[PDB]
>>> print(open('run33.json').read())   # JSON, C-alpha atoms
[["chain", "number", "residue", "atom", "x", "y", "z"],
["A", 29, "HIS", "CA", 63.02, 166.09, 277.28],
["A", 30, "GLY", "CA", 61.39, 166.51, 280.63],
["A", 31, "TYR", "CA", 61.34, 166.05, 284.35],
["A", 32, "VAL", "CA", 59.12, 164.93, 287.22],
["A", 33, "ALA", "CA", 57.31, 167.94, 288.63],
["A", 34, "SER", "CA", 55.13, 166.24, 291.27],
["A", 35, "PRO", "CA", 56.41, 165.20, 293.75],
["A", 36, "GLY", "CA", 59.11, 167.58, 292.59],
["A", 37, "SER", "CA", 62.24, 165.80, 291.41],
["A", 38, "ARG", "CA", 65.67, 166.57, 292.80],
["A", 39, "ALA", "CA", 66.61, 168.32, 289.55],
["A", 40, "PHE", "CA", 63.25, 170.09, 289.33],
["A", 41, "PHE", "CA", 63.58, 171.56, 292.82],
["A", 42, "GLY", "CA", 67.10, 172.78, 291.98],
["A", 43, "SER", "CA", 65.83, 174.75, 288.98],
["A", 44, "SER", "CA", 63.65, 177.82, 288.51],
["A", 45, "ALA", "CA", 60.82, 175.48, 287.53],
["A", 46, "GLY", "CA", 60.91, 174.23, 291.07],
["A", 47, "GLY", "CA", 61.68, 177.46, 292.91],
["A", 48, "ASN", "CA", 65.39, 176.91, 293.42],
["A", 49, "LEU", "CA", 64.73, 175.07, 296.68],
["A", 50, "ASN", "CA", 67.51, 172.48, 296.27],
["A", 51, "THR", "CA", 71.04, 173.82, 296.12],
["A", 52, "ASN", "CA", 74.01, 172.79, 293.99],
["A", 53, "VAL", "CA", 72.41, 170.50, 291.41],
["A", 54, "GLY", "CA", 75.02, 171.31, 288.74],
["A", 55, "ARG", "CA", 73.58, 171.74, 285.26],
["A", 56, "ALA", "CA", 70.10, 170.86, 286.53],
["A", 57, "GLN", "CA", 69.76, 174.37, 287.89],
["A", 58, "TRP", "CA", 69.40, 175.49, 284.28],
["A", 59, "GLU", "CA", 68.42, 172.30, 282.42],
["A", 60, "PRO", "CA", 66.52, 169.95, 284.71],
["A", 61, "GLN", "CA", 64.95, 168.43, 281.58],
["A", 62, "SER", "CA", 68.26, 167.17, 280.14],
["A", 63, "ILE", "CA", 69.14, 164.13, 282.24],
["A", 64, "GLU", "CA", 69.35, 161.91, 279.16],
["A", 65, "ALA", "CA", 71.29, 158.61, 278.91],
["A", 66, "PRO", "CA", 70.99, 155.31, 277.09],
["A", 67, "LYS", "CA", 68.25, 152.96, 278.23],
["A", 68, "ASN", "CA", 69.50, 150.52, 280.84],
["A", 69, "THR", "CA", 71.95, 152.94, 282.42],
["A", 70, "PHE", "CA", 71.98, 152.22, 286.16],
["A", 71, "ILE", "CA", 75.53, 153.10, 287.21],
["A", 72, "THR", "CA", 76.19, 153.02, 290.94],
["A", 73, "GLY", "CA", 76.73, 156.50, 292.25],
["A", 74, "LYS", "CA", 75.52, 157.98, 289.01],
["A", 75, "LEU", "CA", 71.76, 157.35, 289.14],
["A", 76, "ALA", "CA", 70.67, 160.93, 289.86],
["A", 77, "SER", "CA", 72.92, 162.38, 287.15],
["A", 78, "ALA", "CA", 72.56, 159.38, 284.77],
["A", 79, "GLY", "CA", 76.29, 159.81, 284.18],
["A", 80, "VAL", "CA", 75.70, 163.02, 282.22],
["A", 81, "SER", "CA", 78.60, 165.46, 282.33],
["A", 82, "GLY", "CA", 77.92, 168.44, 284.53],
["A", 83, "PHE", "CA", 75.09, 166.84, 286.51],
["A", 84, "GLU", "CA", 77.40, 165.11, 289.01],
["A", 85, "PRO", "CA", 76.38, 167.32, 292.01],
["A", 86, "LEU", "CA", 73.01, 165.52, 291.86],
["A", 87, "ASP", "CA", 74.84, 162.32, 292.81],
["A", 88, "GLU", "CA", 75.82, 163.74, 296.17],
["A", 89, "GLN", "CA", 74.02, 161.89, 298.95],
["A", 90, "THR", "CA", 73.65, 162.76, 302.61],
["A", 91, "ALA", "CA", 70.66, 162.60, 304.92],
["A", 92, "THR", "CA", 70.30, 166.39, 304.83],
["A", 93, "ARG", "CA", 71.45, 167.27, 301.30],
["A", 94, "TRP", "CA", 68.10, 167.30, 299.53],
["A", 95, "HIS", "CA", 64.56, 168.55, 300.10],
["A", 96, "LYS", "CA", 62.17, 165.65, 300.70],
["A", 97, "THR", "CA", 58.45, 165.88, 299.82],
["A", 98, "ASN", "CA", 56.16, 164.33, 302.42],
["A", 99, "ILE", "CA", 54.01, 161.53, 301.01],
["A", 100, "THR", "CA", 52.07, 158.52, 302.31],
["A", 101, "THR", "CA", 52.24, 154.93, 301.14],
["A", 102, "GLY", "CA", 49.68, 153.59, 298.69],
["A", 103, "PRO", "CA", 48.74, 155.17, 295.37],
["A", 104, "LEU", "CA", 50.82, 158.23, 294.49],
["A", 105, "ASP", "CA", 49.98, 160.53, 291.58],
["A", 106, "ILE", "CA", 53.27, 161.36, 289.85],
["A", 107, "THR", "CA", 53.35, 164.13, 287.10],
["A", 108, "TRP", "CA", 55.93, 164.76, 284.41],
["A", 109, "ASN", "CA", 56.37, 168.05, 282.58],
["A", 110, "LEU", "CA", 57.83, 167.59, 279.10],
["A", 111, "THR", "CA", 59.75, 170.26, 277.34],
["A", 112, "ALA", "CA", 59.88, 168.16, 274.12],
["A", 113, "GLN", "CA", 57.14, 165.58, 273.65],
["A", 114, "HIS", "CA", 58.45, 162.33, 272.04],
["A", 115, "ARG", "CA", 56.78, 159.12, 271.13],
["A", 116, "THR", "CA", 57.20, 157.08, 274.27],
["A", 117, "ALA", "CA", 58.22, 153.44, 274.83],
["A", 118, "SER", "CA", 57.87, 153.17, 278.58],
["A", 119, "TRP", "CA", 57.69, 154.69, 282.05],
["A", 120, "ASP", "CA", 59.42, 152.79, 284.86],
["A", 121, "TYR", "CA", 59.51, 153.51, 288.58],
["A", 122, "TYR", "CA", 61.71, 152.23, 291.40],
["A", 123, "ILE", "CA", 61.93, 153.06, 295.09],
["A", 124, "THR", "CA", 64.61, 152.50, 297.70],
["A", 125, "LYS", "CA", 64.14, 149.72, 300.24],
["A", 126, "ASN", "CA", 63.75, 150.54, 303.91],
["A", 127, "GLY", "CA", 67.24, 150.68, 305.43],
["A", 128, "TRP", "CA", 69.05, 152.04, 302.42],
["A", 129, "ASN", "CA", 71.92, 154.29, 303.48],
["A", 130, "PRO", "CA", 71.13, 157.98, 302.87],
["A", 131, "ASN", "CA", 74.80, 158.89, 303.34],
["A", 132, "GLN", "CA", 76.20, 156.66, 300.61],
["A", 133, "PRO", "CA", 76.04, 156.76, 296.80],
["A", 134, "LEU", "CA", 72.84, 155.44, 295.23],
["A", 135, "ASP", "CA", 72.90, 151.86, 293.95],
["A", 136, "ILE", "CA", 69.96, 150.37, 292.03],
["A", 137, "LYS", "CA", 70.38, 147.08, 293.92],
["A", 138, "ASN", "CA", 68.97, 148.97, 296.93],
["A", 139, "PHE", "CA", 65.70, 149.67, 295.08],
["A", 140, "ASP", "CA", 62.59, 147.68, 294.22],
["A", 141, "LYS", "CA", 60.84, 148.16, 290.91],
["A", 142, "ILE", "CA", 57.27, 149.30, 291.58],
["A", 143, "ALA", "CA", 55.74, 150.20, 288.19],
["A", 144, "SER", "CA", 56.20, 149.73, 284.48],
["A", 145, "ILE", "CA", 53.78, 151.52, 282.16],
["A", 146, "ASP", "CA", 53.73, 150.89, 278.41],
["A", 147, "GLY", "CA", 54.02, 154.05, 276.41],
["A", 148, "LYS", "CA", 52.55, 152.41, 273.28],
["A", 149, "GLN", "CA", 54.69, 154.61, 271.01],
["A", 150, "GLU", "CA", 52.31, 157.42, 271.55],
["A", 151, "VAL", "CA", 53.19, 161.09, 271.85],
["A", 152, "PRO", "CA", 52.29, 162.22, 275.35],
["A", 153, "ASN", "CA", 50.87, 165.57, 276.36],
["A", 154, "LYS", "CA", 53.21, 168.14, 277.88],
["A", 155, "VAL", "CA", 51.76, 167.22, 281.28],
["A", 156, "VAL", "CA", 51.67, 163.46, 281.98],
["A", 157, "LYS", "CA", 49.95, 162.20, 285.15],
["A", 158, "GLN", "CA", 50.37, 158.58, 286.26],
["A", 159, "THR", "CA", 49.66, 156.68, 289.43],
["A", 160, "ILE", "CA", 52.13, 154.32, 291.11],
["A", 161, "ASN", "CA", 51.79, 152.20, 294.24],
["A", 162, "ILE", "CA", 54.16, 153.09, 297.05],
["A", 163, "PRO", "CA", 54.68, 149.84, 299.03],
["A", 164, "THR", "CA", 52.98, 149.89, 302.37],
["A", 165, "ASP", "CA", 56.08, 148.97, 304.34],
["A", 166, "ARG", "CA", 57.93, 152.13, 303.39],
["A", 167, "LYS", "CA", 58.68, 154.81, 305.96],
["A", 168, "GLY", "CA", 61.09, 157.71, 306.23],
["A", 169, "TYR", "CA", 63.45, 159.21, 303.67],
["A", 170, "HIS", "CA", 63.29, 157.39, 300.33],
["A", 171, "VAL", "CA", 64.29, 157.99, 296.73],
["A", 172, "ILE", "CA", 61.92, 157.27, 293.86],
["A", 173, "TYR", "CA", 63.69, 156.74, 290.54],
["A", 174, "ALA", "CA", 61.50, 157.53, 287.52],
["A", 175, "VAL", "CA", 62.61, 156.61, 284.00],
["A", 176, "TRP", "CA", 60.96, 157.90, 280.81],
["A", 177, "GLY", "CA", 61.98, 155.60, 277.94],
["A", 178, "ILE", "CA", 61.88, 157.37, 274.58],
["A", 179, "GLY", "CA", 60.19, 155.61, 271.68],
["A", 180, "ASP", "CA", 62.37, 156.94, 268.87],
["A", 181, "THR", "CA", 65.78, 157.29, 270.47],
["A", 182, "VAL", "CA", 67.83, 154.69, 272.39],
["A", 183, "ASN", "CA", 67.76, 156.98, 275.47],
["A", 184, "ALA", "CA", 65.70, 157.60, 278.56],
["A", 185, "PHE", "CA", 65.29, 160.52, 280.95],
["A", 186, "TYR", "CA", 66.16, 159.71, 284.55],
["A", 187, "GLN", "CA", 64.60, 161.45, 287.55],
["A", 188, "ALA", "CA", 65.58, 160.89, 291.16],
["A", 189, "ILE", "CA", 62.89, 162.17, 293.56],
["A", 190, "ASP", "CA", 63.45, 162.62, 297.30],
["A", 191, "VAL", "CA", 60.47, 161.85, 299.53],
["A", 192, "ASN", "CA", 59.70, 161.45, 303.23],
["A", 193, "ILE", "CA", 57.17, 158.69, 303.68],
["A", 194, "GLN", "CA", 54.87, 159.16, 306.65]]
>>> encode(input="run33.json", output="structure tokens")
Amino acid sequence: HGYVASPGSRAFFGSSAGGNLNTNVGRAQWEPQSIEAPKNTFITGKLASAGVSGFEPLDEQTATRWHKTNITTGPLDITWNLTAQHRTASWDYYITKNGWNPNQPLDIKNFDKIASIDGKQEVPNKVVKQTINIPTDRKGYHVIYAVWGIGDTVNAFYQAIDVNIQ
């Protein structure tokens, strides 16, 4: 189980692990690590919560709802913190396209896939640091969607991350 700690995920920032900076993240205030759903779950309006009961406040979406970490384009170091280390199948990353609507529910069709990293069925450390390429066209408020695919369960952990791209 785990979450993206850098840039802080939406769930992370709503929890004590992230300083309780985001408000009303439902269950993520107490269990940011538990956004667990089957692989290949990309339900419109349910990306941030992965459809998990009690995490629905994460699916709220306005231009001002969430804290947005400032980043640049180009290589971005992105760090997970794992509360339970599992053998890992994969790490996948997506980012919204310029012009996505920050006042409407999230839809994966409005994202591009930007990285896929093989986990090789290895057991990761509790801190996992990876580098992904933020496309150079991106500017403004965006959502990165990070997906940790577990090697020994049919599930993945899903992490929406709000950023402001300079």
>>> atom_distance(input="run33.json", atom1="CA of residue 61 (chain A)", atom2="CA of residue 131 (chain A)")
25.7 Å
>>> closest_residue(input="run33.json", among="A:164, A:153, A:183, A:37", to="residue 110 (chain A)", atoms="all atoms listed in the file")
A:153
>>> closest_residue(input="run33.json", among="A:35, A:163, A:152, A:46", to="residue 59 (chain A)", atoms="only C-alpha atoms")
A:46
>>> residues_around(input="run33.json", residues="region 82-93 of chain A", least_positions_apart="6", cutoff="7 Å", atoms="only C-alpha atoms", output="PDB file with C-alpha atoms, keeping the file's coordinate frame")
ATOM      1  CA  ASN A  52      74.010 172.790 293.990  1.00  0.00           C
ATOM      2  CA  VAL A  53      72.410 170.500 291.410  1.00  0.00           C
ATOM      3  CA  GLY A  54      75.020 171.310 288.740  1.00  0.00           C
ATOM      4  CA  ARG A  55      73.580 171.740 285.260  1.00  0.00           C
ATOM      5  CA  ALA A  56      70.100 170.860 286.530  1.00  0.00           C
ATOM      6  CA  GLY A  73      76.730 156.500 292.250  1.00  0.00           C
ATOM      7  CA  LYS A  74      75.520 157.980 289.010  1.00  0.00           C
ATOM      8  CA  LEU A  75      71.760 157.350 289.140  1.00  0.00           C
ATOM      9  CA  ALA A  76      70.670 160.930 289.860  1.00  0.00           C
ATOM     10  CA  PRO A 130      71.130 157.980 302.870  1.00  0.00           C
ATOM     11  CA  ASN A 131      74.800 158.890 303.340  1.00  0.00           C
ATOM     12  CA  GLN A 132      76.200 156.660 300.610  1.00  0.00           C
ATOM     13  CA  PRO A 133      76.040 156.760 296.800  1.00  0.00           C
TER      14      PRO A 133
END
>>> closest_residue(input="run33.json", among="A:118, A:98, A:126, A:107", to="residue 159 (chain A)", atoms="all atoms listed in the file")
A:107
>>> atom_distance(input="run33.json", atom1="CA of residue 173 (chain A)", atom2="CA of residue 33 (chain A)")
13.0 Å
>>> residues_near_point(input="run33.json", point="(60.8, 166.4, 275.5)", cutoff="9 Å", atoms="all atoms listed in the file", output="ChimeraX atom specification")
/A:29-31,61-62,109-114,154
>>> write_last_selection(input="run33.json", atoms="C-alpha atoms", output="PDB file, in the coordinates of the input")
ATOM      1  CA  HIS A  29      63.020 166.090 277.280  1.00  0.00           C
ATOM      2  CA  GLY A  30      61.390 166.510 280.630  1.00  0.00           C
ATOM      3  CA  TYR A  31      61.340 166.050 284.350  1.00  0.00           C
ATOM      4  CA  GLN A  61      64.950 168.430 281.580  1.00  0.00           C
ATOM      5  CA  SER A  62      68.260 167.170 280.140  1.00  0.00           C
ATOM      6  CA  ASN A 109      56.370 168.050 282.580  1.00  0.00           C
ATOM      7  CA  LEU A 110      57.830 167.590 279.100  1.00  0.00           C
ATOM      8  CA  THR A 111      59.750 170.260 277.340  1.00  0.00           C
ATOM      9  CA  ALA A 112      59.880 168.160 274.120  1.00  0.00           C
ATOM     10  CA  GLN A 113      57.140 165.580 273.650  1.00  0.00           C
ATOM     11  CA  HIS A 114      58.450 162.330 272.040  1.00  0.00           C
ATOM     12  CA  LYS A 154      53.210 168.140 277.880  1.00  0.00           C
TER      13      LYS A 154
END
>>> closest_residue(input="run33.json", among="A:169, A:186, A:122, A:108", to="residue 36 (chain A)", atoms="all atoms listed in the file")
A:108
>>> closest_residue(input="run33.json", among="A:117, A:172, A:106, A:45", to="residue 138 (chain A)", atoms="all atoms listed in the file")
A:172
>>> residues_near_point(input="run33.json", point="(57.4, 154.8, 269.9)", cutoff="10 Å", atoms="all atoms listed in the file", output="list in words")
residues 114, 115, 116, 117, 118, 147, 148, 149, 150, 151, 177, 178, 179, 180 and 181 of chain A
>>> atom_distance(input="run33.json", atom1="CA of residue 161 (chain A)", atom2="CA of residue 120 (chain A)")
12.1 Å
